[PDB]
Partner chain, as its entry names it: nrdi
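Okay, so here's just one chain, in structure tokens, the form deposited without the partner chain.
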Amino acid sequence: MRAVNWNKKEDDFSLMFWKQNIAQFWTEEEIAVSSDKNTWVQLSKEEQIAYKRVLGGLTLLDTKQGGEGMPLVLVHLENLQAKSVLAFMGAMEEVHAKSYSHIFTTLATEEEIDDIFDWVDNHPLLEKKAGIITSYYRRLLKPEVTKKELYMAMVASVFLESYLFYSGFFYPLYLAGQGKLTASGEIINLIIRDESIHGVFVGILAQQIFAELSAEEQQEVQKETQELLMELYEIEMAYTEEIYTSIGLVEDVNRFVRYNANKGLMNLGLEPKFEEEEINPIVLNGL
């Protein structure tokens, strides 16, 4: 039975990703958020509610990535060095999820926080998008999985990591790029720094598996990936309209969703699907 040996490379990249993930280690106690109270209180109630809602959705996605996505993908890997990096990534999803609570405890009353988790837990769009992603992960709950099943779980993980978070990341970046909620904006920027590297790494692993598929299974997975892309897109378009119609930003965020969906695809070594468009410089300045 094999032990992990870091003095003999199992691949060309797991060590550098390991070192970068651990270099980027952080926890919420390193950022005081209370100085955001000042700008929080100058936001309209629509702006506040949008911010809370998006953070709630992000919390849910990270809870699923830490609790199901990284653990079930990593258990089936044979590459012990790569497994290690995914275990570390998995812990950081929990650090991310807990981070949002740290922001909530400063910006919202105990009752307002109950409100938001009730809204998450009962939300039909969040349930649909989480249900879809996690159905690929739950296929892995069996002793032996096919390469195709593992590949599609990794596509789903990248689509979560690189694509589905961004309808949520948009708004904290937008506010931070205007000097509002800048402490919370820092925390969001730490999460994004981690997720950028998560997405690349999982996408490298997927590309490896794809090369081990037959020409046929390669076609089947391309067809499934395009369908998954578009089913999530339709959910995301409904989610952005729900969240941002009150504040006039639906078209802005839609551009940023498509931009990030193309980044996910590129992480998988696939061609972009959406035409390039001008993304808001204020959110680029919040990055």
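Residue numbers count along the first chain shown, from 1.
Heads up, the form deposited with the partner chain bound isn't pictured, but that's what we're talking about next.
Practice task
Would you check, heavy atoms only and a 4.5 Å threshold, whether residue 40 touches the partner chain in the bound PDB entry?
Solution key: No.
Practice task
Indicate whether residue 208 is a 4.5 Å heavy atom neighbour of the partner chain in the bound PDB entry.
Solution key: Contact with the partner chain, no.
Practice task
Answer yes if any heavy atom of residue 233 is within 4.5 Å of a heavy atom of the partner chain in the bound PDB entry; otherwise answer no.
Solution key: So residue 233 does not count as contacting the partner chain.
Practice task
Check whether residue 11 has any heavy atom within 4.5 Å of a heavy atom of the partner chain in the bound PDB entry, and answer yes or no.
Solution key: No.
Exercise for the section: Run the contact test on 23, 197 and 263 with a 4.5 Å heavy atom cut-off to the partner chain in the bound PDB entry and return yes or no. Expected result: The answer is yes: all three residues contact the partner (heavy atom, 4.5 Å cut-off).
Practice task
Look at the stretches 174-182, 149-157, 189-197, 208-216 and give the one with heavy atoms within 4.5 Å of the partner chain in the bound PDB entry.
Solution key: Within 4.5 Å of the partner lies stretch 189-197.
Exercise for the section: Heavy atoms within 4.5 Å of the partner chain in the bound PDB entry is the criterion; list the residues of 268-287 that meet it. Expected result: Residues within 4.5 Å: 269, 271, 276, 279, 284, 287.
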